[PDB]
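Visitor: Quick one: this structure, given as structure tokens, is what I'll be asking you about.
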4 protein chains.
Amino acid sequence: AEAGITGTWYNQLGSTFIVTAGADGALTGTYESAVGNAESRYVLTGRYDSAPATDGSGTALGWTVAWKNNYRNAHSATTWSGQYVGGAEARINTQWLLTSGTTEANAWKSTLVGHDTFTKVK
Amino acid sequence: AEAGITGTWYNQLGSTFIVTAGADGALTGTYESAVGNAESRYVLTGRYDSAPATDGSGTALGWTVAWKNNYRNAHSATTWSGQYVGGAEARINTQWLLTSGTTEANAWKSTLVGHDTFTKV
Amino acid sequence: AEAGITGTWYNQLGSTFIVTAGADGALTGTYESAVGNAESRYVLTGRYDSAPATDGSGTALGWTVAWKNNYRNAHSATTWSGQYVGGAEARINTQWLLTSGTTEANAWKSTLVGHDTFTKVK
Amino acid sequence: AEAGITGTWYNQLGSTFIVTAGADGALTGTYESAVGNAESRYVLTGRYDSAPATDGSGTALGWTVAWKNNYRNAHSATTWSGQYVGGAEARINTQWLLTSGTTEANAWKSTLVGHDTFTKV
Ligand SMILES: N=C1N[C@H]2[C@H](CS[C@H]2CCCCC(=O)O)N1
Ligand SMILES: N=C1N[C@H]2[C@H](CS[C@H]2CCCCC(=O)O)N1
Ligand SMILES: N=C1N[C@H]2[C@H](CS[C@H]2CCCCC(=O)O)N1
Ligand SMILES: N=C1N[C@H]2[C@H](CS[C@H]2CCCCC(=O)O)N1
């Protein structure tokens, strides 16, 4: 539901996610991280299922943030993959991959994996 | 480095990725998978580092595809995270996460993980 | 601390983990899952850091379960990777990979990824 | 199928894996990594499906290495999960998770993920 996803959300680390869900399945917005080599807001883009199943199944979605803005550049990018569950306590449960640019010899250790849960603010 | 990402890429499964990289960090294009509950092309959007390091490091990037188009709807989405390495034989090395919409009872088995390598051949 | 890890633990899905930590860094025990194509107990084996850092860092560890016992065989195996944090509320936080045996053509979809948090029972 | 797992295997990085597969599902041996905060050999233990399916499916397995031995202690552990495929050129295809001990404040960046392919060459 675009109106379900659209809004301001926060995760367990204190980071902010502001997103707008479009009728064509597009997601656009900004992300502010509470941790890492990051400062201020960064641009995010993604996609979601705009015609989900009418049962109690979640809405699949995903988005990306490249950690470069006009103030800092960490030479890394993160992608979040998960689903939106709406209702009184709507949540977006995700798993993420954070890849840093490295030399070919240090590539084996270029990707971190984790999970974040977002709660929507009214 | 830079521009080199724009083009048509293919992975080991035979899927096709057509992308345009914008000067300020955006990635836009279409994806066609050779496997799965998919048929024809789907829209993709992502981001990449438009000012990478000057030592011999790769260019970090990522993108997403929601598997719904005029033909089918698989009620799932995949995100690829990796880095671009240019040179005589450029490649994009990635790891991906594919999440399907499920009921809460099946949420523990909603996400698949894999890796894909793309080249221009 | 072998005495810290050794014990009975439960995760958020209602599954049971019984383990013994050895002086040489070995982990042995049984696992009972609340979900999936599984029934009864399964054998588990793993390793942990038996000489961790003396600061507030966790103790790294990991273990594996192949889902075959004398009653059922699901032709799959799971590995849990994480760390032990002790104190009053001791927890083992993990991320896991579940791989199923498949034909080469369906290999791209052979592995699931998730996370489990275990609480120790007294 | 079966016995074929016992032996010496090498991955793309040049690391060496020496394992013994027991009739009832156990895996035991040593590992030597070519990269990282490691030197010499380390002990490994795991499990595999000792009765796989009869169609053309692979054999599921997994194993763990805590990176402490008489020489160094990196305060980390890695687990590999994958499947064994036998034939003229057998391989073990895996995805791994490497967790380092951290303070709670750094727990968000404690785990690395990757993939390794092992062959007997
Ligand atoms: N809100 C979150 N912040 C961290 C995790 C996933 S992305 C990460 C921040 C990384 C900042 C950039 C970097 O350090 O390379 N969730
Ligand atoms: N080119 C690729 N195809 C599969 C992997 C990751 S995404 C996946 C296709 C999934 C199609 C939709 C579905 O089956 O749910 N790479
Ligand atoms: N306690 C847990 N059970 C599920 C997750 C990870 S392992 C999994 C059970 C899988 C059972 C075997 C199968 O269905 O293939 N945690
Ligand atoms: N053969 C491999 N070596 C690296 C990857 C996964 S485990 C890793 C070596 C880590 C060594 C200890 C460390 O650096 O913490 N595969």
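Each chain in the structure tokens gets a letter, A, B, ..., in the order shown, and its residues are numbered from 1; ligands are numbered from 1 in order too.
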What residues in chain D have any atom no more than 8 Å from chain A when counting only C-alpha atoms, and can you write them as a PDB file with N, CA and C atoms, in the first residue's frame?
Guide:
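Contents of the output file part-v1.pdb:
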ATOM      1  N   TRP D 108      27.058  -4.410  15.357  1.00  0.00           N
ATOM      2  CA  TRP D 108      26.455  -4.278  13.988  1.00  0.00           C
ATOM      3  C   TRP D 108      27.437  -4.607  12.850  1.00  0.00           C
ATOM      4  N   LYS D 109      28.715  -4.485  13.107  1.00  0.00           N
ATOM      5  CA  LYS D 109      29.693  -4.782  12.050  1.00  0.00           C
ATOM      6  C   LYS D 109      30.605  -5.957  12.443  1.00  0.00           C
ATOM      7  N   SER D 110      30.037  -6.921  13.099  1.00  0.00           N
ATOM      8  CA  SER D 110      30.826  -8.115  13.537  1.00  0.00           C
ATOM      9  C   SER D 110      30.948  -9.304  12.527  1.00  0.00           C
ATOM     10  N   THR D 111      30.046  -9.351  11.581  1.00  0.00           N
ATOM     11  CA  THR D 111      29.991 -10.436  10.593  1.00  0.00           C
ATOM     12  C   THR D 111      30.157 -10.157   9.111  1.00  0.00           C
ATOM     13  N   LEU D 112      31.102 -10.861   8.560  1.00  0.00           N
ATOM     14  CA  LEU D 112      31.431 -10.775   7.138  1.00  0.00           C
ATOM     15  C   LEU D 112      30.758 -12.009   6.492  1.00  0.00           C
ATOM     16  N   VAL D 113      30.411 -11.881   5.233  1.00  0.00           N
ATOM     17  CA  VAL D 113      29.775 -12.983   4.461  1.00  0.00           C
ATOM     18  C   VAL D 113      30.561 -13.050   3.141  1.00  0.00           C
ATOM     19  N   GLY D 114      30.702 -14.249   2.660  1.00  0.00           N
ATOM     20  CA  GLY D 114      31.417 -14.527   1.382  1.00  0.00           C
ATOM     21  C   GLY D 114      31.042 -15.946   0.843  1.00  0.00           C
TER      22      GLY D 114
END
Visitor: Show me which residues are within 7 Å of ligand 4 counting only C-alpha atoms and all ligand atoms, and format the list as a PyMOL selection string.
Guide: (chain A and resi 108) or (chain D and resi 11+13+15+33-38+67+74-76+78+96+98+100+116)
Visitor: Check the DSSP output for the backbone and give back, as a ChimeraX atom specification, the residues of region 14-70 of chain A in strand (DSSP E or B).
Guide: /A:16-21,26-32,42-48,59-68
Visitor: Quick one: of B:54, B:81, B:45, B:16, who's nearest to ligand 1, counting only C-alpha atoms and all ligand atoms?
Guide: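 Smallest separation from ligand 1 among the options: B:81.
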Visitor: Please, which residues have at least one atom within 7 Å of an atom of ligand 3, using only C-alpha atoms and all ligand atoms, listed as a PyMOL selection string?
Guide: (chain B and resi 108) or (chain C and resi 11+13+15+33-38+67+74-78+96+98+100+116)
Visitor: Generate the output file for the selected residues, N, CA, C and O atoms, as a PDB file, in the first residue's frame.
Guide:
ATOM      1  N   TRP B 108      10.547 -16.921   8.915  1.00  0.00           N
ATOM      2  CA  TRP B 108      11.931 -17.473   9.099  1.00  0.00           C
ATOM      3  C   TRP B 108      12.557 -18.011   7.800  1.00  0.00           C
ATOM      4  O   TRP B 108      13.770 -18.083   7.704  1.00  0.00           O
TER       5      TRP B 108
ATOM      6  N   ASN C  11      15.597 -20.365  21.610  1.00  0.00           N
ATOM      7  CA  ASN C  11      15.592 -19.166  20.719  1.00  0.00           C
ATOM      8  C   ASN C  11      14.145 -18.685  20.588  1.00  0.00           C
ATOM      9  O   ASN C  11      13.218 -19.266  21.131  1.00  0.00           O
ATOM     10  N   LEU C  13      11.967 -18.955  18.309  1.00  0.00           N
ATOM     11  CA  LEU C  13      10.981 -19.840  17.612  1.00  0.00           C
ATOM     12  C   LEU C  13      10.587 -20.986  18.576  1.00  0.00           C
ATOM     13  O   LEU C  13       9.744 -21.782  18.226  1.00  0.00           O
ATOM     14  N   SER C  15      12.799 -23.322  19.789  1.00  0.00           N
ATOM     15  CA  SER C  15      13.734 -24.472  19.544  1.00  0.00           C
ATOM     16  C   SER C  15      14.685 -24.540  20.779  1.00  0.00           C
ATOM     17  O   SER C  15      14.917 -23.530  21.420  1.00  0.00           O
ATOM     18  N   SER C  33      14.443 -28.508  16.704  1.00  0.00           N
ATOM     19  CA  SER C  33      13.804 -27.318  16.015  1.00  0.00           C
ATOM     20  C   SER C  33      12.277 -27.379  16.153  1.00  0.00           C
ATOM     21  O   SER C  33      11.656 -28.433  16.136  1.00  0.00           O
ATOM     22  N   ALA C  34      11.752 -26.194  16.264  1.00  0.00           N
ATOM     23  CA  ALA C  34      10.285 -26.005  16.412  1.00  0.00           C
ATOM     24  C   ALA C  34       9.645 -25.872  15.023  1.00  0.00           C
ATOM     25  O   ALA C  34       8.433 -25.983  14.913  1.00  0.00           O
ATOM     26  N   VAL C  35      10.462 -25.642  14.028  1.00  0.00           N
ATOM     27  CA  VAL C  35       9.940 -25.474  12.636  1.00  0.00           C
ATOM     28  C   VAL C  35      10.690 -26.260  11.590  1.00  0.00           C
ATOM     29  O   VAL C  35      11.771 -26.772  11.822  1.00  0.00           O
ATOM     30  N   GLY C  36      10.104 -26.338  10.443  1.00  0.00           N
ATOM     31  CA  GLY C  36      10.769 -27.069   9.329  1.00  0.00           C
ATOM     32  C   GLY C  36      10.436 -28.563   9.227  1.00  0.00           C
ATOM     33  O   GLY C  36       9.577 -29.104   9.897  1.00  0.00           O
ATOM     34  N   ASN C  37      11.168 -29.202   8.357  1.00  0.00           N
ATOM     35  CA  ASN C  37      10.988 -30.670   8.110  1.00  0.00           C
ATOM     36  C   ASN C  37      11.969 -31.335   9.085  1.00  0.00           C
ATOM     37  O   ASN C  37      13.036 -31.815   8.723  1.00  0.00           O
ATOM     38  N   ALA C  38      11.557 -31.294  10.318  1.00  0.00           N
ATOM     39  CA  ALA C  38      12.376 -31.875  11.396  1.00  0.00           C
ATOM     40  C   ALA C  38      11.547 -32.478  12.527  1.00  0.00           C
ATOM     41  O   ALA C  38      10.460 -32.017  12.787  1.00  0.00           O
ATOM     42  N   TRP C  67      20.367 -32.042   9.151  1.00  0.00           N
ATOM     43  CA  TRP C  67      18.999 -32.508   9.584  1.00  0.00           C
ATOM     44  C   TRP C  67      18.549 -33.944   9.231  1.00  0.00           C
ATOM     45  O   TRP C  67      17.562 -34.198   8.551  1.00  0.00           O
ATOM     46  N   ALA C  74      15.844 -34.516   6.102  1.00  0.00           N
ATOM     47  CA  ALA C  74      15.353 -33.387   5.256  1.00  0.00           C
ATOM     48  C   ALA C  74      16.351 -33.013   4.170  1.00  0.00           C
ATOM     49  O   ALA C  74      16.077 -32.105   3.408  1.00  0.00           O
ATOM     50  N   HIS C  75      17.453 -33.700   4.114  1.00  0.00           N
ATOM     51  CA  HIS C  75      18.536 -33.456   3.125  1.00  0.00           C
ATOM     52  C   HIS C  75      18.971 -31.961   3.116  1.00  0.00           C
ATOM     53  O   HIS C  75      19.029 -31.314   2.082  1.00  0.00           O
ATOM     54  N   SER C  76      19.241 -31.463   4.293  1.00  0.00           N
ATOM     55  CA  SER C  76      19.683 -30.050   4.476  1.00  0.00           C
ATOM     56  C   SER C  76      20.626 -29.930   5.706  1.00  0.00           C
ATOM     57  O   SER C  76      20.723 -30.852   6.518  1.00  0.00           O
ATOM     58  N   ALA C  77      21.307 -28.824   5.818  1.00  0.00           N
ATOM     59  CA  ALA C  77      22.226 -28.603   6.974  1.00  0.00           C
ATOM     60  C   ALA C  77      22.246 -27.084   7.303  1.00  0.00           C
ATOM     61  O   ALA C  77      22.186 -26.273   6.386  1.00  0.00           O
ATOM     62  N   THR C  78      22.329 -26.755   8.556  1.00  0.00           N
ATOM     63  CA  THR C  78      22.374 -25.329   8.972  1.00  0.00           C
ATOM     64  C   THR C  78      23.673 -25.048   9.784  1.00  0.00           C
ATOM     65  O   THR C  78      24.115 -25.917  10.536  1.00  0.00           O
ATOM     66  N   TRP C  96      22.538 -17.284  10.566  1.00  0.00           N
ATOM     67  CA  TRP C  96      22.638 -18.649  10.031  1.00  0.00           C
ATOM     68  C   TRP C  96      22.408 -18.797   8.538  1.00  0.00           C
ATOM     69  O   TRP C  96      21.786 -17.972   7.899  1.00  0.00           O
ATOM     70  N   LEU C  98      21.179 -21.942   5.854  1.00  0.00           N
ATOM     71  CA  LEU C  98      20.506 -23.274   5.749  1.00  0.00           C
ATOM     72  C   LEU C  98      20.599 -23.664   4.256  1.00  0.00           C
ATOM     73  O   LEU C  98      19.972 -23.013   3.435  1.00  0.00           O
ATOM     74  N   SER C 100      20.082 -26.653   1.344  1.00  0.00           N
ATOM     75  CA  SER C 100      19.353 -27.907   0.999  1.00  0.00           C
ATOM     76  C   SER C 100      20.102 -28.544  -0.192  1.00  0.00           C
ATOM     77  O   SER C 100      20.699 -27.829  -0.982  1.00  0.00           O
ATOM     78  N   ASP C 116      19.054 -15.790  14.668  1.00  0.00           N
ATOM     79  CA  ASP C 116      18.411 -16.335  15.892  1.00  0.00           C
ATOM     80  C   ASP C 116      19.160 -15.775  17.131  1.00  0.00           C
ATOM     81  O   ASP C 116      20.371 -15.573  17.092  1.00  0.00           O
TER      82      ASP C 116
END
Visitor: Please provide as a PyMOL selection string all residues within 10 Å of residue 104 (chain C), with the sequence filter that same-chain residues fewer than 5 positions apart are discarded (counting only C-alpha atoms).
Guide: (chain C and resi 110) or (chain D and resi 56-58+85)
Visitor: Tell me, as a ChimeraX atom specification, which residues lie within 7 Å of residue 83 (chain D), counting only C-alpha atoms; anything in the same chain fewer than 2 positions away does not count.
Guide: /C:101 /D:58-61,85,92-94
Visitor: Could you write those residues out with N, CA and C atoms, as a compact mmCIF listing (two decimals), in the first residue's frame?
Guide:
# COMPACT_ATOMS: atom_id res chain seq x y z
N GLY C 101 20.05 -29.85 -0.30
CA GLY C 101 20.76 -30.53 -1.44
C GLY C 101 19.77 -30.30 -2.62
N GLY D 58 22.64 -32.67 -4.78
CA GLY D 58 23.96 -32.62 -4.07
C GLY D 58 23.81 -33.08 -2.58
N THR D 59 24.93 -33.19 -1.89
CA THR D 59 24.97 -33.62 -0.45
C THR D 59 25.18 -32.38 0.46
N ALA D 60 24.20 -32.08 1.26
CA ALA D 60 24.34 -30.90 2.16
C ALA D 60 25.35 -31.17 3.32
N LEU D 61 26.11 -30.14 3.66
CA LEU D 61 27.13 -30.20 4.77
C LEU D 61 27.49 -28.82 5.34
N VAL D 85 29.16 -32.02 -4.55
CA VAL D 85 28.70 -32.54 -5.84
C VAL D 85 29.87 -33.37 -6.31
N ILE D 92 32.88 -28.62 -3.85
CA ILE D 92 32.13 -28.32 -2.61
C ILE D 92 31.90 -26.77 -2.81
N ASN D 93 30.65 -26.40 -2.97
CA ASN D 93 30.24 -24.97 -3.18
C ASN D 93 29.68 -24.49 -1.86
N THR D 94 30.24 -23.42 -1.35
CA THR D 94 29.77 -22.86 -0.04
C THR D 94 29.64 -21.35 0.08
Visitor: Just list the residues in chain D DSSP gives helix (DSSP H, G or I) on the backbone, as a count of residues only.
Guide: 10
Visitor: Would you list the contacts of residue 46 (chain D) as a PyMOL selection string, taking every protein, DNA or RNA residue within 7 Å and counting only C-alpha atoms, but skipping same-chain residues closer than 6 positions in sequence?
Guide: (chain C and resi 45-46+64) or (chain D and resi 26-28+62-64)
Visitor: One decimal, in Å: what's the spacing between CA of residue 29 (chain D) and CA of residue 66 (chain D)?
Guide: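 Between these atoms lies a distance of 12.9 Å.
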Visitor: Taking only C-alpha atoms into account, name the residue in A:6, A:95, A:40, A:20 that is nearest to chain C.
Guide: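 Closest to chain C of all the choices is A:95.
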